[PDB]
């Protein structure tokens, strides 16, 4: 009979991805302005190169200065022969600098449980001192259909990402784009077109599932790194719906993610003014008052606190 479980307090404004098969770029990633680093063994690495990428990543975890980055590795999916070797090698060979693993293409709670079972055993066997957190990608029809059970699937779970590329493919969406506006998704009214959000339910359901269970909801990749305004629009929708951050799949997207997912000065100012107004009303024996011609009440305090919390971390 308390409120929502609090999610992890750590910053998660941007998760910068890089293929494990390009170790020369690891230093640049560590030096970036991204909160989270995702070294990839999955869909940015060709099958013949996954063994080498695995070796590269283990070496980088043990050898590089990762500063204050939250260090995550995306392993291969449970429908592949690679996943078990990813987990075993990482947990048997990588030092304690590794923070987290990301599980792709999650379709049910049991998927997460399976990884948890293996990871827990190796951590115990090898006497690992820093237990890994988990993050997952909802990027299939099964994933979104079972989104709440997945959100509740492990005490290790800290974050859940939408993967619009795999999601579109799994859903059979007629597009080769990764996130963003869809040309053929619009409303016709009086001869004019009005574009609508083809991702609404997927993103909102993920947010609801995450907040219910104390997980961070995160927006995934936006493919068009040549389109800053397009990225801003996608990030803005996500931030509005309750997602706390977004992937960067290109160095330029890091600043854009940090821009959108850090509340503006004006937003923070209004938030504090609402808090001040409600405190004043409280002293007058009132639980509701008027702010700029609109209603504010006790619920507004919680809303204002959402803004301030994201700005103060």
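Residue numbers count along the first chain shown, from 1.
For the segment pair 286-294 and 5-13, the entry gives 286-294 the higher mean B-factor, averaged over Cα atoms. In this entry, 120-128 shows the higher mean Cα temperature factor of the pair 219-227 and 120-128. Highest C-alpha temperature factor among 37, 268, 45, 255 per the entry: 268. When the Cα B-factors of 30, 274, 51, 60 are read from the PDB record, 274 comes out highest. Sort the chain's modelled residues by C-alpha temperature factor and residue 86 lands in the lowest third, per the entry. In the PDB entry, a CA B factor belonging to the lowest third of its chain's modelled residues is recorded for residue 200.
Annotation for residue 147: CA B-factor lies in the lowest third of the chain's modelled residues. For residue 190, the recorded CA temperature factor ranks within the highest third of the chain's modelled residues. Split the chain's modelled residues into thirds by C-alpha temperature factor. Residue 238 is in the lowest one.
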